[PDB]
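Step one of this worksheet: look at the structure below.
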Amino acid sequence: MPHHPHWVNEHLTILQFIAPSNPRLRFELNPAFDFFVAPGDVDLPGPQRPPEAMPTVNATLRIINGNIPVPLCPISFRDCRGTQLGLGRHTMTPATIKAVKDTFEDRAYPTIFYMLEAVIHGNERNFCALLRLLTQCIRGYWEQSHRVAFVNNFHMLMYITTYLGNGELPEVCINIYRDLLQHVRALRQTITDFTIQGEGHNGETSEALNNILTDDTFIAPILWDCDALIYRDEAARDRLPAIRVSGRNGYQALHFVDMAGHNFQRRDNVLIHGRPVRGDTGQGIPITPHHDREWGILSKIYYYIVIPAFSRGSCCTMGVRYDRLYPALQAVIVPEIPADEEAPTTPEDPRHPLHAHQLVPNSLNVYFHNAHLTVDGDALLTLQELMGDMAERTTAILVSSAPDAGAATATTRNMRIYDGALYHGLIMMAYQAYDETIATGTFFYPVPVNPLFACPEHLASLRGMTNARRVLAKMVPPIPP
Amino acid sequence: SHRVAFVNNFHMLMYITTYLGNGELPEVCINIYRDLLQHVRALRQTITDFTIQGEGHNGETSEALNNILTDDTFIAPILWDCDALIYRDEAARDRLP
Amino acid sequence: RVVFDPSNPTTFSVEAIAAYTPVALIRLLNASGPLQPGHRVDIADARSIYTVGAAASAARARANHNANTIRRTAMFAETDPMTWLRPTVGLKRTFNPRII
Amino acid sequence: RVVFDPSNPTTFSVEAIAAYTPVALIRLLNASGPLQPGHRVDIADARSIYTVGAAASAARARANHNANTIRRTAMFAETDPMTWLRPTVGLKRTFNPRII
């Protein structure tokens, strides 16, 4: 990288992007295209090492009308065409706005929530048994900080609003989540009037072609299930799909895993999701989709629009180092009650799991102290049912497919679009990088995929992030090739 | 008296939000330090936006050549630690200190 | 205590000792096996030992609670050959069944 | 009692004094030295030793309350001689050591 940072400066103005001194100006020929230099005699990833070959221009398509470089379609035009569009539709009140904002720009996020949000890994079963602890945590957070939590997953938002808006939480703190969901509901509903239905060609009906979030071949950066792939099989029936699971083309799956056959170091092209919540259990029907495509076309709109616009750029995903969370999640201290006695609620009783007696060094019960939560045995010991379901490892997958039928010509199929994304990963908030009470490089490690998730403050967490390296990260979105 | 305290120092302001930022003080007394940190962060934000990234010469980066604040060879009047001098010596290696 | 040994737990020593003690016991320790006794086979091995038996310790620590509580049931419909005339329903575990 | 003697406190007697009383002990005497029995040596030595003297005298003042309060646990990451298999987490000391 450090020789001639190229394709990097995007501060220029159209007055300057057209100057006779622009060394890039000679490469703008087809608005629906993007020209560049590349190594020749290569067609696919191959090795991680770029071979030797004289430079050669290739052809890539510009899909979205947002791809256009900034000094050709300035910010002002876009956020004014937005007003032209967003006329009189849903607008979120200053209350919820200030709330979620202060949530995002606060480095006081309890790490415990990251832990819990990760270890549940999306299944319905390991939620409907943990509900008590979740309400306790969210209450003990909001009702003292006035800041909601659990804004790092869409599965989580539609798992809360589906079963927790019945009074178990305050009317306004769940009104926040209700509003956040109905906002993206309206954001999908808007696209309906911008479409002319009734010309379903090659499967991709009218609703799905003009918009990427309506496309089921391009996936969110983070997922826990295989719904993307099970809708992908219905597509790509002529679009020449391409899969890659940690060095292997195919991919294998299981219905659900146990706590015994752990294998922290699985080598295969294997993937696991939570559980068939009904039906059968074994090898009769191997794979079952978790939800309907409407859950998908609603899944990634959140990730691609909402989280970005809220973080204001200070968002960067981090790949989980689970090998010290599932081992650490089973260091609980649950005190039982005598058969004839009641249950404490105050932290002044020696059988309240946050009493000044039950603090043990190197115990999972230190987190709730550091984040000042409320817990009981009923809500705590309801955690340890991870034997029925436990997600092993988070990997990255390279997928791809051809352009649509809309740009399907005899010269365009050799210009495939590649897609990488983390499975079982994690999208994270503003990074702190100035705490000590927890070991840094032990729980998560930053693996960016989307140039929306390339925050530089989220980089020192890697082992040996020397200063001689941190200088360029402030210029480029670092992405593993 | 509805008054924040320990603002005559910086390390107070950052230590507070890193450790005491979970509910041990009233929200109306900690949001103040939250917003102060946000303000210093926004001051930092505007600098890189008002400077061209990549024209660093002799090690010193863009913001090292644009503003006096990012130039690590400049020094705040109070040095609790000594890391300021460590950085100053790691920099200024050709400026005759 | 059981630290200098080539995986003597083997998913058995943990179903003996109650789960609340060892995390206090590890803090009292001073060093690991001064001869690298079991680190030859991956430490992921002793990991797949400790992290698979800690749950057995927790289960024996818990077993007194299934009597201190109501036996929990399913939360889905789970269509059963005898659901006719009584369509099954779920139940969200939020209450406090610990009997007082 | 140790006013007419050159550094003879030397954290040898003053740390026997309690931490509640000595405030009235030091603010008690008035008479200085004619030939300066406690000033022939500089004030930078008298005070240099009176610092540690009073500090020790107040140090013992909790030497009994340890049976009433909790010890001081580690609050940082602090890589453990047995750090492996156990993520060393610190504890944020804000608790109440009031325990009966």
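To be explicit about the labels: the chains of the structure tokens are called A, B, and onward in the order shown, and within each one the residues are counted from 1, while ligands get numbers from 1 in the order they are shown.
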
* Dump as a ChimeraX atom specification the residues of chain A that approach chain C to within 9 Å, counting only C-alpha atoms. => /A:125,128-133,135,163,168,259-265,277-279,323,326-328,330-334,336-337,339-343,360-363,378-379,381,384-385,387

* From the DSSP assignment of the backbone, select every residue of region 180-308 of chain A that is alpha helix (DSSP H), and format the answer as a PyMOL selection string. => chain A and resi 180-190+206-209+227-232+293-297+299-301+307-308

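All C-alpha atoms of chain D and chain C, which share one sequence, were paired in order; after least-squares superposition their RMSD is 1.5 Å.
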
* **Within 8 Å of residue 246 (chain A) using only C-alpha atoms, minus same-chain residues under 3 positions, as a PyMOL selection string** => chain A and resi 268-269+395-397

* Structure fact -> Atom pair CA of residue 82 (chain A) + CA of residue 189 (chain A), distance 15.6 Å

* When you get a sec, could you note down which chain D residues fall within 12 Å of chain C, using only C-alpha atoms, as a list in words? => residues 73, 74, 78, 79, 80, 81, 82, 83, 84, 85, 86, 87, 88 and 89 of chain D

Restrict the selected residues to N, CA and C atoms and save them as a compact mmCIF listing (two decimals), in the first residue's frame.
```txt
# COMPACT_ATOMS: atom_id res chain seq x y z
N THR D 73 -8.83 -7.02 45.89
CA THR D 73 -8.68 -7.90 44.74
C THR D 73 -8.15 -7.13 43.53
N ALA D 74 -7.71 -7.88 42.53
CA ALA D 74 -7.11 -7.29 41.34
C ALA D 74 -8.18 -6.70 40.42
N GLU D 78 -4.00 -7.98 34.05
CA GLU D 78 -2.99 -8.58 34.92
C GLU D 78 -2.78 -10.06 34.59
N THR D 79 -2.16 -10.30 33.44
CA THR D 79 -1.86 -11.65 32.98
C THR D 79 -1.45 -12.56 34.13
N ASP D 80 -2.19 -13.65 34.32
CA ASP D 80 -2.18 -14.66 35.37
C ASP D 80 -1.16 -15.75 35.06
N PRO D 81 -0.36 -16.17 36.04
CA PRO D 81 0.49 -17.35 35.84
C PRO D 81 -0.28 -18.55 35.32
N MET D 82 -1.60 -18.55 35.52
CA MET D 82 -2.49 -19.50 34.89
C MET D 82 -3.51 -18.78 34.02
N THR D 83 -3.04 -17.82 33.22
CA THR D 83 -3.95 -17.03 32.40
C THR D 83 -4.68 -17.90 31.39
N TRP D 84 -4.06 -19.00 30.97
CA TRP D 84 -4.66 -19.85 29.96
C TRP D 84 -5.93 -20.48 30.49
N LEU D 85 -6.91 -20.64 29.59
CA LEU D 85 -8.20 -21.26 29.85
C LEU D 85 -9.09 -20.39 30.73
N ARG D 86 -8.54 -19.32 31.30
CA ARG D 86 -9.30 -18.42 32.15
C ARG D 86 -9.01 -16.96 31.79
N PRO D 87 -9.91 -16.29 31.07
CA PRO D 87 -9.69 -14.88 30.75
C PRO D 87 -9.65 -14.04 32.02
N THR D 88 -8.47 -13.53 32.33
CA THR D 88 -8.26 -12.74 33.53
C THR D 88 -9.02 -11.42 33.42
N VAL D 89 -10.07 -11.27 34.20
CA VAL D 89 -10.88 -10.05 34.21
C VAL D 89 -10.67 -9.34 35.54
```

* To do: Kindly provide, as a PyMOL selection string, the residues of chain A having any atom no farther than 12 Å from an atom of chain B, counting only C-alpha atoms.
  => chain A and resi 1-6+8-12+101-111+140-147+312-314+367-373+430-438+457+467-468+470-476

* To do: Kindly give the distance, in Å, that separates CA of residue 73 (chain B) and CA of residue 97 (chain B), rounded to a single decimal.
  => 9.7 Å
